[PDB]
Amino acid sequence: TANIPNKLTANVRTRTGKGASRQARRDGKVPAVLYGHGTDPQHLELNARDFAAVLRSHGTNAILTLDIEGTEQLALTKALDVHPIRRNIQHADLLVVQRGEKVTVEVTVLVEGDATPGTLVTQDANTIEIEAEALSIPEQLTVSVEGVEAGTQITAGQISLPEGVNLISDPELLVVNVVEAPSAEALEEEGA
Amino acid sequence: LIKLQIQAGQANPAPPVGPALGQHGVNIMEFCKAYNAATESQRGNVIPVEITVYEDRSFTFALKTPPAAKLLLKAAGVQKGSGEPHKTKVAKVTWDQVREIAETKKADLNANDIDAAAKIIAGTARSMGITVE
Amino acid sequence: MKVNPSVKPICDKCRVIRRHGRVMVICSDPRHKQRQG
Amino acid sequence: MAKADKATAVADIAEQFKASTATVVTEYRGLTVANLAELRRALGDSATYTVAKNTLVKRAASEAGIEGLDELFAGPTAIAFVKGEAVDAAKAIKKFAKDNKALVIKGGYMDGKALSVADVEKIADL
Amino acid sequence: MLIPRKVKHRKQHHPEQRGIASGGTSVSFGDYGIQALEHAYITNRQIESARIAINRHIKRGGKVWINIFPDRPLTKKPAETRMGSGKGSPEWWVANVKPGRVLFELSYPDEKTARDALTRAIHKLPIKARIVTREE
Amino acid sequence: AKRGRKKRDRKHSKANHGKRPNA
Amino acid sequence: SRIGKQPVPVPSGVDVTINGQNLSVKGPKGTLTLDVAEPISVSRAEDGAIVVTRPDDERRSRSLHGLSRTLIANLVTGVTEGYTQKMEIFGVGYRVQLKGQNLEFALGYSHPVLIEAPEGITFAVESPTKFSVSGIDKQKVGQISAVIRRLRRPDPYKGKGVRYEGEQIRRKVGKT
RNA sequence: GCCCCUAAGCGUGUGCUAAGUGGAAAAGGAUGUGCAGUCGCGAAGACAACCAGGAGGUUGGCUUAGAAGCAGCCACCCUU
RNA sequence: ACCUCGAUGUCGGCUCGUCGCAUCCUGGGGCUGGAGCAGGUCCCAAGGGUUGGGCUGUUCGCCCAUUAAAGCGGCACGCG
Ligand SMILES: [Mg+2]
Ligand SMILES: [Mg+2]
Ligand SMILES: [Mg+2]
Ligand SMILES: [Mg+2]
Ligand SMILES: [Mg+2]
Ligand SMILES: [Mg+2]
Ligand SMILES: [Mg+2]
Ligand SMILES: [Mg+2]
Ligand SMILES: [Mg+2]
Ligand SMILES: [Mg+2]
Ligand SMILES: [Mg+2]
Ligand SMILES: [Mg+2]
Ligand SMILES: [Mg+2]
Ligand SMILES: [Mg+2]
Ligand SMILES: [Mg+2]
Ligand SMILES: [Mg+2]
Ligand SMILES: [Mg+2]
Ligand SMILES: [Mg+2]
Ligand SMILES: [Mg+2]
Ligand SMILES: [Mg+2]
Ligand SMILES: [Mg+2]
Ligand SMILES: [Mg+2]
Ligand SMILES: [Mg+2]
Ligand SMILES: [Mg+2]
Ligand SMILES: [Mg+2]
Ligand SMILES: [Mg+2]
Ligand SMILES: [Mg+2]
Ligand SMILES: [Mg+2]
Ligand SMILES: [Mg+2]
Ligand SMILES: [Mg+2]
Ligand SMILES: [Mg+2]
Ligand SMILES: [Mg+2]
Ligand SMILES: [Mg+2]
Ligand SMILES: [Mg+2]
Ligand SMILES: [Zn+2]
């Protein structure tokens with residue numbers, strides 16, 4: 001499990017503020033802040049479209065190599081600001097990471113398969129948080145449900161993980177719950 | 001050019017066949033007597049019959065093997081199939097009856113081998129919600 | 001000849017067209033013929 | 001159907017052709033699935049009957065020297081490979097065509113050569 | 001009919017329409033959801049009608065979550081009454097809905113019927129609404 | 001309601017700058 | 001578009017004259033005249049065809065292209081061969097017969113009904129229930145055929161009336 | 001504000017609009033058109049058009065006067 | 001509660017009208033669970049027409065004979 005850094009160009013922000021931020025967003029750019037253990041924050045602006053393509057390809061936790069005026073920097077997408085309505089990316093928080101470093105990351109969990117036809121599958125956790133090497137974080141985690149009978153609970157302990165990644169959250173976290181399929185009359189009392 | 005399912009030892013029922021055979025230009029009494037003779041020779045199961053018509057009102061009846069549904073029902077000992085297949089299991093069938101019905105369907109089907117017909121019968125029992133063992 | 005502010009292709013045979021600035025639905029089934037009025 | 005599926009089909013056709021002593025190319029327009037099932041019954045014991053795309057076989061024909069069969073791919077294409085012997089499928093197709101009358105024998109391939117209708121009829125008599 | 005069991009004050013000012021939603025802006029329970037685009041009071045009976053519509057379209061499987069609860073009451077004076085003489089009695093319960101709020105959530109196997117049922121729901125609401133999913 | 005609509009709509013002129021007395 | 005870039009062949013006995021936008025075609029069945037729209041350019045392909053060209057790719061030109069091409073094709077095939085469309089009449093007591101150029105119908109009315117023959121078109125009755133309409137211009141033939149067809153209102157129950165050659169009308173049943 | 005009434009531009013450059021929209025209005029309906037961006041297929045010949053096929057089990061069961069791929073309910077398979 | 005209290009006469013009925021169309025009749029259509037006769041529903045259409053009496057103050061309403069029909073509204077709930 002090895003991931004290659006994604007190449008993006010960054011420009012140091014001449015001016016910071018809300019006016020500057022709105023102008024930059026209007027110019028097809030996204031503002032961001034790069035900070036890390038080095039105790040040295042930098043205010044940058046990125047190309048929105050390239051950044052969005054990178055996120056589409058490699059998820060919300062993607063390793064990045066940034067070209068700050070000819071200097072290559074390794075960074076991780078620590079946080080995002082997505083507008084609720086327009087669903088843009090208003091701001092990015094990037095975390096400075098070096099090779100062979102352990103970081104805490106929230107990785108999404110998706111399910112596949114076909115349980116017993118008389119059952120309904122519900123997902124209670126969108127993501128679980130994991131300790132992993134900076135370049136070795138997994139794109140996503142999968143849980144397979146098939147032949148699952150009646151009330152069966154899948155917890156964070158039972159989920160499978162790649163090699164070299166450690167799960168931090170308590171295994172008691174109910175991720176997926178398989179329940180008996182609600183009957184036709186069962187839908188009429190909920191919400192009444 | 002029709003096909004129906006009719007009881008072996010019974011002839012001339014009003015709902016299923018009468019008006020169905022009346023508007024297809026088929027003589028009914030000769031068909032009923034010949035079919036009754038054939039299915040009294042068989043005497044075992046209700047049968048599907050396929051009717052092929054000609055321009056001179058001549059009719060030819062083809063009698064297939066007993067249906068997989070009826071054969072499985074009579075081999076499993078139950079009378080009616082499961083209303084909720086794969087949820088409620090009403091009967092159990094062993095591989096010997098499955099292979100007998102597989103030979104019958106090999107006489108009926110296009111399956112190259114007996115095992116294919118056995119798998120077809122197993123799928124039929126799956127549509128019946130009846131375990132095949 | 002339905003005359004409604006909302007016209008839709010009831011069956012798969014229905015076609016939606018425009019005639020003289022009006023949205024219309026034409027079909028082989030005469031019931032399904034309708035216009036936006 | 002994906003282009004990778006097209007490549008896989010080309011490879012499968014080439015692999016089947018490499019193990020076949022001969023092949024027969026015929027026309028099947030005007031045949032029900034019941035007729036094709038009967039033909040598979042007649043052929044499936046020993047020979048193999050298939051129908052594939054013209055250009056997919058054309059690319060699958062570039063492997064060996066059957067590249068001259070491309071002119072037989074104008075129109076419907078039905079391939080018959082002879083895994084057991086070489087000419088059982090020849091009589092099978094000829095009788096099927098004579099009985100059904102909707103089959104046209106485009107040609108055959110044997111001994112490294114492509115042969116026409118009369119030539120294939122003579123070969124089947126051998 | 002969703003009615004709160006008890007409210008501390010039975011006569012309240014109108015919930016304010018300013019701003020856009022801050023919380024509950026993303027689907028969290030089910031696979032699919034209805035996101036609002038307009039500011040409105042949504043009553044309990046509109047919620048009931050929309051819920052019944054979803055249930056009828058979906059029939060057996062799947063599960064429906066309602067993230068909105070009508071706990072804010074609105075009052076009216078009795079008919080043909082001149083202005084004055086105190087506030088009227090409260091007689092319908094509403095929930096304050098801002099754009100970006102996710103109102104309903106649905107969990108059902110297939111895409112098409114889920115979208116159709118949600119659309120049947122939106123056709124019962126006094127707002128512009130759209131359908132959203134779990135994925136970004 | 002045409003009269004009130006027309007007054008409150010001519011509110012929106014270039015010269016009035018979006019406001020008129022009596023709305 | 002797709003229709004537009006297909007040049008129209010000219011039969012041997014066909015004379016074609018282009019005068020600016022105007023076009024005239026003379027052949028065994030007679031002469032016909034057409035005019036094309038300004039954005040569409042018409043040219044005589046020396047290999048014996050007609051070429052229509054639109055300089056632009058905008059909506060209006062792209063729409064007029066195929067229109068003009070098909071108009072020219074119909075124009076030439078009208079004079080080379082012609083147009084002839086056949087009609088039947090269904091029902092008891094429904095009949096047709098010609099009075100010289102005119103066509104006379106008995107359609108169950110109190111009075112018999114008559115149709116003139118407009119210029120450039122002829123009627124030819126074959127049997128008291130089957131007749132034909134022939135002309136060199138497709139549009140006029142279609143117009144008169146539709147007028148003949150509308151003579152008696154649709155009858156879903158018994159199917160009485162005038163029908164086209166292969167027309168399959170919808171029918172219901174009046175049970176009572 | 002600048003065609004004439006009515007003082008001053010039927011101003012210049014690049015696009016859009018066919019509705020007299022401009023010169024009133026909602027939920028909602030819709031192959032109107034322009035721009036920008038994704039995904040699918042496509043010369044290994046794409047879509048449309050024209051030709052041939054779309055079978056056997058089997059009428060899968062429960063349900064009914066009736067259930068045959070086409071009230072409804074459950075499973076929702078196998079062979080060539 | 002914005003004009004009118006140094007005065008803007010109020011319900012029915014009569015006489016005279018005038019306008020709208022959201023059409024009662026007459027006219028033209030589409031779909032029908034439209035066989036025919038007769039209907040149901042929607043669309044276009046304001047040219048003309050749209051009765052006489054008994055009871056109730058009566059607005060309203062019930063009823064008797066008819067008629068193709070006995071339309072609904074605005075005009076200071078038109079008009080002292
Ligand atoms: Mg509707
Ligand atoms: Mg406030
Ligand atoms: Mg909050
Ligand atoms: Mg939230
Ligand atoms: Mg709505
Ligand atoms: Mg109003
Ligand atoms: Mg105001
Ligand atoms: Mg003046
Ligand atoms: Mg001037
Ligand atoms: Mg200017
Ligand atoms: Mg100018
Ligand atoms: Mg100008
Ligand atoms: Mg200009
Ligand atoms: Mg206007
Ligand atoms: Mg509007
Ligand atoms: Mg809409
Ligand atoms: Mg658009
Ligand atoms: Mg089948
Ligand atoms: Mg049934
Ligand atoms: Mg006052
Ligand atoms: Mg006063
Ligand atoms: Mg005075
Ligand atoms: Mg006075
Ligand atoms: Mg008057
Ligand atoms: Mg009108
Ligand atoms: Mg009428
Ligand atoms: Mg009518
Ligand atoms: Mg009128
Ligand atoms: Mg007049
Ligand atoms: Mg009046
Ligand atoms: Mg009045
Ligand atoms: Mg008055
Ligand atoms: Mg007066
Ligand atoms: Mg008075
Ligand atoms: Zn239709």
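Per the conventions used, each chain is numbered from 1 along its written sequence, independently of whether this matches the entry, and residues without coordinates are not displayed. Labels follow written order: the first chain is A, the first ligand is 1, and so on. Consider the displayed chains a part of a larger assembly; each reported value belongs to this part rather than to the entire assembly. In computing side-chain values, all of the structure's heavy atoms are included and hydrogens and water are not.

Method of determination, as given in the entry header: cryo-EM; reported resolution: 3.5 Å.

Colleague: Could you give an account of the protein's contact with RNA strand H, with specific residues and numbers?
Modeller: Close to RNA strand H lie 60 residues; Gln5, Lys64 and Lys80 of chain B together with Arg29 and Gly30 of chain D are nearest. Note on definitions. A residue lies near a molecule or strand when any single heavy atom of the residue is within 4 Å of it. Within 4 Å of the protein, the atoms of RNA strand H are drawn from sugar and phosphate moieties in a proportion of 78%. The helix count covers DSSP runs of H or I at least four residues long, the strand count covers runs of E at least two residues long, and both are numbered beginning at the N terminus. Those elements that place two or more of their residues in the surface near RNA strand H are β1 (2-6), α3 (68-76), α4 (95-108) and α5 (114-128) of chain B, α1 (3-18), α2 (33-44) and α3 (54-60) of chain D together with α1 (2-10) of chain F. Sorting elements by how many residues they give to the surface near RNA strand H places α5 of chain B first, with 8 residues. Its residues assigned to classes, the surface near RNA strand H comprises 20 nonpolar, 16 polar and 24 charged. Only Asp, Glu, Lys and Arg are considered charged in this grouping, and only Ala, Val, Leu, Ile, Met, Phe, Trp, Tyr, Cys and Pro are considered nonpolar; every other residue, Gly among them, is considered polar.

Colleague: Break down the domain arrangement of chain B for me, with residues and values.
Modeller: The source of the domain bounds is an automatic or database domain assignment. Segmenting chain B into domains produces domain 1 (2-63) and domain 2 (68-132). A C-alpha centroid distance of 26 Å is found between domain 1 of chain B and domain 2 of chain B.

Colleague: So what's going on with the coordination of the zinc ion (ligand 35)? Which residues, and what values?
Modeller: Residue and element names in this part refer to chain C. The coordination sphere of the zinc ion (ligand 35), as far as protein atoms go, consists of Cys11 (SG), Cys14 (SG), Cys27 (SG) and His32 (ND1), spread over 2.0 to 2.3 Å. Coordination at the zinc ion (ligand 35) is tetrahedral: its 4 donor atoms span angles of 94 to 120° at the metal. Any nitrogen, oxygen or sulfur atom within 2.8 Å of a metal ion counts as a donor, with the limit raised to 3.2 Å for Na, K and Ca, and since water is left out, coordination shells can look unfinished. Written as a sequence motif, the donor arrangement for the zinc ion (ligand 35) is C-x2-C-x12-C-x4-H. Of this pair, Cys14 sits in the loop between β1 (2-4) and β2 (15-19) while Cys27 is found in the loop between β3 (22-26) and β4 (34-36), placing the two residues 13 residues apart along the sequence. Accessibility classification places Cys14 together with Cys27 in one group, the buried group. Every angle between 85 and 135 degrees makes a four-donor site tetrahedral, while opposite donors more than 155 degrees apart, with all other angles between 65 and 115, make a four-donor site square planar and a six-donor site octahedral; other sites are irregular. Between buried and exposed lies partly exposed: a residue is buried under 20% and exposed over 50% of the maximum accessible area for its type, with that area taken using a 1.4 Å probe on protein chains only.

Colleague: Explain the side chain of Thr77 of chain A to me, and be specific about the residues and the numbers.
Modeller: All names here are of chain A. Relative to the elements of secondary structure, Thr77 occurs in strand β5 (residues 71-81). In protein, a polar contact means a hydrogen-donor-capable atom and an acceptor-capable atom, both N or O and within 3.5 Å, with residues adjacent in sequence counting only if both atoms are side-chain atoms; elsewhere, any N or O pair within 3.5 Å suffices. In this structure the side chain of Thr77 is engaged in a polar contact, spanning 2.6 Å, whose partner is the backbone oxygen of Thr60. Here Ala62 takes part through its backbone nitrogen, which lies 3.1 Å from a polar atom of the side chain of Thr77. Note on contacts: a residue pair is in contact if any heavy atoms of the two residues lie within 4.5 Å. What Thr77 contacts, discounting residues up to four positions off in sequence, is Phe51, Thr60, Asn61, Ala62, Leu64, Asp93 and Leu94.

Colleague: So what about α2 of chain D? Which residues, and what values?
Modeller: All names here are of chain D. Looking at α2, one finds that the buried residues are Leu36, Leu39 and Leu43. With its buried residues spanning 60° around the axis, α2 presents them on a single face. Elements in contact with the buried residues of α2: β2 (48-50) and α4 (88-100). Arc, as used here, means the arc of the directions from the helix axis to the C-beta atoms.

Colleague: Any details on the pairing of strand β9 (residues 127-133) of chain A? Residues and values, ideally.
Modeller: Residues and elements named next belong to chain A. At least two DSSP bridges between two strands are required for those strands to pair. Pairing geometry for strand β7 (residues 102-114) and β9, over 7 bridges, is antiparallel. Paired with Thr108 across the bridge in β9 is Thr127. As paired elements, β9 and strand β12 (residues 166-167) share 2 bridges and run antiparallel to each other. In the strand pairing of β12, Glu131 is matched with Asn166.

Colleague: Explain the environment of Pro5 of chain C residue by residue, including any values.
Modeller: Residues and elements named next belong to chain C. Tracing the sequence through the fold places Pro5 in the loop between β1 and β2. Given the relative accessible area of 70%, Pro5 is considered exposed. Along the sequence, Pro5 and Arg35 sit 30 residues apart, while their C-alpha atoms lie 8.1 Å from each other.

Colleague: So what's going on with the protein's contact with RNA strand I? Which residues, and what values?
Modeller: Taken together, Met1, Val3, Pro30, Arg31 and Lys33 of chain C together with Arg153, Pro156, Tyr157, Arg170, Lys172, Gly174 and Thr176 of chain G make up the full set of residues near RNA strand I. Restricting the count to atoms of RNA strand I within 4 Å of the protein gives a sugar and phosphate share of 56%. The backbone of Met1 of chain C places a nitrogen or oxygen atom 3.3 Å from a sugar or linking oxygen of RNA strand I. Class assignment of the residues belonging to the surface near RNA strand I gives a composition of 5 nonpolar, 2 polar and 5 charged.

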